[PDB]
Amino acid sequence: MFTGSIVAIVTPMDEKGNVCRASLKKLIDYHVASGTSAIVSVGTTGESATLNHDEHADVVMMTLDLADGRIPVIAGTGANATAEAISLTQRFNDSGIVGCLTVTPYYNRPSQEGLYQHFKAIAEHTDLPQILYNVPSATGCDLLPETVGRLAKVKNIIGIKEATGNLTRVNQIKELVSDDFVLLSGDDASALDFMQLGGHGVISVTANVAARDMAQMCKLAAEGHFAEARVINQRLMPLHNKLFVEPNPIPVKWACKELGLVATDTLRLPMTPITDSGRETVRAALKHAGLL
């Protein structure tokens, strides 16, 4: 649902840049087999920026179909215009998705009051559970704990994906919200720390290629076995880091292809193919994780 290891799944493409159903099926089967807790469909790692809203909706619907009730699906629904966020969210009302992942408006840099009004309006136009998503290095704005506290009072706003990498946020938010408000890491390299501080899981890029390890790490964390979990984390740490050696999802798509999980590593501009140096870097991190 909204704890454990949640994959921010890639949108695998053919050489033409359109969704590859065979590759998507292979990925979803992989996540089901690996014990991944849920799938975020067409988030950032899924190239939400370069898909139009129809293409976005097609991918979510296909993912839901292919999941065939075996694994929960959360739709990425972020937009920097509130009217567009509402419209996108409405496409998925009564779809079968279990909730939405919705980013702070990017580029237009709203105030904390603007963030509050944005997310409150979105929540008011849906019965779907809403997961807030904060990632200031990409958006140009920072949803602060006080505002998260304000929004947690809205019935269907039920958690946050916190991608700052600033671990002080965990307990700053936790003290402002109720005990069933979910705290998820959006920063693979600090995710275990985040869970050790009280976080409930991670929406992960690494999980695309190390789904079983990630699922197992998060289980150990939930059970309080942090030393055991850390052995897995150490094995994965080069991936946590190097999957961002070039802009996400360039590295993770290449890694998926290298592992035979997808047919091609094609992306849409302005993402470009991985450099030779990048390939070798990512290959070494895969080797270190014991996946090649």
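From 1 onward, residues are counted along the sequence shown.
Undergrad: Taking the recorded C-alpha temperature factors, which stretch has the higher mean, 218-226 or 162-170?
TA: Higher mean C-alpha B-factor in the PDB entry: 218-226.
Undergrad: So 13-21 or 276-284, which one's hotter by mean CA B-factor in the entry?
TA: If you average the C-alpha B-factors of 13-21 and of 276-284, the larger mean comes out for 276-284.
Undergrad: Quick one: which of 267, 33, 49, 57 shows the highest Cα temperature factor in the PDB entry?
TA: Comparing C-alpha B-factors across 267, 33, 49, 57, the top value belongs to 33.
Undergrad: Based on the PDB record, which member of 113, 179, 188, 142 exhibits the highest Cα temperature factor?
TA: Going by the entry's C-alpha B-factors, 179 comes out highest.
Undergrad: Tell me, lowest, middle or highest third: where does the Cα B factor of residue 8 rank within its chain?
TA: It falls in the bottom third of the chain.
Undergrad: Would you mind checking where the Cα B-factor of residue 197 ranks among the modelled residues of its chain, as the lowest, middle or highest third?
TA: Ranked within chain, residue 197 CA B lands in the middle tercile.
Undergrad: Taking the C-alpha B-factors as the PDB entry records them, is residue 206 in the lowest, middle or highest third of its chain?
TA: It belongs to the lowest third of the chain when residues are ordered by C-alpha B-factor.
Undergrad: Going by what the PDB entry lists, where does residue 126 fall on CA B-factor within its chain: lowest, middle or highest third?
TA: Its C-alpha B-factor, which the entry lists for residue 126, ranks in the highest third among residues of this chain.
Undergrad: Sorting by Cα B-factor within the chain, modelled residues only, which third would residue 43 end up in: lowest, middle or highest?
TA: Middle third, going by the recorded CA B-factors of the chain.
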